[PDB]
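As structure tokens, one chain now follows by itself in the form deposited in one PDB entry.
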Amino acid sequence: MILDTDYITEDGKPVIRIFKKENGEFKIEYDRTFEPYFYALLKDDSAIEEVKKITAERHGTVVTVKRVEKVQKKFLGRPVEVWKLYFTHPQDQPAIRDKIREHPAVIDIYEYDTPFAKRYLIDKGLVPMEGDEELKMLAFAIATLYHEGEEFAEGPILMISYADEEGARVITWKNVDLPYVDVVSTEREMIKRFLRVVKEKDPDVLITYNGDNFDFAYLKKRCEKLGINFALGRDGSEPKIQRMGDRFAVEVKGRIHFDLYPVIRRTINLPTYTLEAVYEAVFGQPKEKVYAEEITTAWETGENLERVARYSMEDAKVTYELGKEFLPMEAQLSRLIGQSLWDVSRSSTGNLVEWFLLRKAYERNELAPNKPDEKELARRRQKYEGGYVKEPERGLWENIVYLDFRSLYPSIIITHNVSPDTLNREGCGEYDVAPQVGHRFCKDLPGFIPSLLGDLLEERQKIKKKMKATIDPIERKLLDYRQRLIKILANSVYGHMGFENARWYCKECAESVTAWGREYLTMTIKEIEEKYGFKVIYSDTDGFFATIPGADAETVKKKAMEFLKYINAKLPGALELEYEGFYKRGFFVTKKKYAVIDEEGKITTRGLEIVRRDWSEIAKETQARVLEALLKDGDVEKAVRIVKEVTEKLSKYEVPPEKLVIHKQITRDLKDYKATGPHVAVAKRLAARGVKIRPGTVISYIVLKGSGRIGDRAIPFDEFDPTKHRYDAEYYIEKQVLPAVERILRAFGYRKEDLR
């Protein structure tokens, strides 16, 4: 199994290293034959002898063009005559590439910014994280003595905790009577203990939580102070820091540094993303938090150090459990993209797509288009139309069905050969025209993108058959992971075509897919209403809720499957409407805001305040109890009782302040904000106090009793004292609880005045 690849420099020549895991042993493969290269397009092939001799400087060393080679490749379906430029070292490219482009005899250069180690995986056709081998893992966390106002890593690291299959342990340099604590003389010997432990276990994966921005940075500062060779790498190297935009990421050569924070933040939606909140949301168990003000006091006074050691032990223990949950999914995603788990776990969906396309474009001799320049990106700022959004028939409905399409946009791309290499191609025989936009796509040859989506969805169906026959839950869970990720990948390729900074950007291909989706959707809602007498209540892009007015439950499920047979014979090719599920009742408030309940009792809410993080828990809890009384029993009397009970408890200040916290995220620097809302007002006051507010910080404020602007009365929930503070019960009643529940109860004539 391939873990990752990089390259070292031996006598000036590049040597690819392939970190592998075979037969339960860590191996390293060396390759001294791979040569860096990028392509160039010239006005006249005679200029190759002039373009052979451009030189540039690098580290005071003149860079040369090693050799040239003529090749025929496919640039958007069309064969082109492109020249291949070879170089001695990868870093020779960024020094000479701009001078080659500025040569008058050239038109453009292609595939010049591709990293060497990633280029090796693509050209050699190697796929990481492939195989049956099991990886040995180890999570770790640290604890530091924190004082305000001091520099970063000014205080020493007090405890280092690690956890794996054998359990969790804590290394510390003060005596603590606990069975999992290993005591040490000093901090330096505490650190040196951790290196020896990591070296002995020899883990393939090191699991952290926000270790890209803190743990490795803190250990790096201390190791330089105490003169420690932090040789965590399998080759004796030290942790390497890479820049990830406004942040950093840490590498450990030979191993995989799996930071859970970027993986968890994108795979889950929570109000706060503290390690305690993530653990309780995933495993349903409370994890106790001990703040740095408690760590420092307990350490400097030497009192109650077991309570802090238990927090350190649990940190690494829950980090290991979260690691075993999110890594198999991300490992299969790495096998699909064809890149290392380190890069995949920290990359945007767009970059993952361009990695998949670049690997696929290499297998088909397809020259990759370059990233758009500044001026081209300006011409790509035109907005196109999305999917059909029907204004829902407001109110409560009974006995309904939802019928969706099986992968709407990938099916449209496959069926109609939607691709930038097929758009308006002169001289074909079979054309397909898109509605409204009128774009034509040749079909004599399968397009580049429809071939990939066709190959992907074919594999996905093959995986599902292999999945249901698999007996061991392990591969069944992994096959389920792969067949899942394939669906998201195929749908993500469509969005790539509409992205301004995409290599395979095609606005015409994008809007044509949405135009076809609107046609096929509006036709089925028209067929199901005129032929079978259904009533489409709500529709969004690729599905709709419908029923026959005043019909019986089995009669709905009967004629619904009749309509499915009729519409699937009329749908062309890969397009397919399917039966998703039946639900007894369902309330529809507005666009992208509804809630249904099946015959089993499970309620699925969409878009309502229940699923939003910027709403108080008291308002989300009340709206849920109201929906449970209606969707399950239809007892509107129980719902109006619930609301009046909550408001009275709020009016008497008897509701816990924890349920009244509002969580809003900061997205930019506080100077960029042109409108200062409540969560920005409290953040600016905080920054004046000294605390750093970073883009992405989650603010948790509470509104206090008073008058005027809300921002002038909102304090962070850190500073709320029940003996000293009283929240604005008037605000939470009339601006949170009542507005949220009244949108539903207004369907029964109940006004907010009747809800108090």
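For the two forms, the rigid core is made up of the largest set of C-alpha atoms that agree within 1.5 Å on superposition. One rule holds for the numbers: they count along the sequence shown, beginning at 1.
Keep in mind the form deposited in another entry is missing from the figure; the text below concerns it.
Colleague: Superposing on the rigid core, which residue among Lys99, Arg196, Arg668, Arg364 shifts its Cα by at least 2 Å between this form and the one not shown?
Modeller: Going through each option, the one that shifts is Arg668.
Colleague: Examine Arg440 after superposing the rigid core and state whether its CA is displaced by 2 Å or more between this form and the one not shown.
Modeller: It does not, since the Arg440 C-alpha is displaced less than 2 Å between this form and the one not shown after the core fit.
Colleague: Using a rigid core superposition, assess whether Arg518 undergoes a CA shift of 2 Å or more between this form and the one not shown.
Modeller: No, shifts by less than 2 Å.
Colleague: So that I can tell if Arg726 moves, could you say whether its C-alpha shifts by at least 2 Å between this form and the one not shown after the core superposition?
Modeller: Superposed on the core, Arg726 moves its C-alpha 2 Å or more between this form and the one not shown.
Colleague: Hey, the CA atoms of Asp718 and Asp212 end up closer or farther in the other form than in the shown form, with the change being 3 Å or more?
Modeller: It is farther: the C-alpha separation of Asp718 and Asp212 rises by at least 3 Å in the other form.
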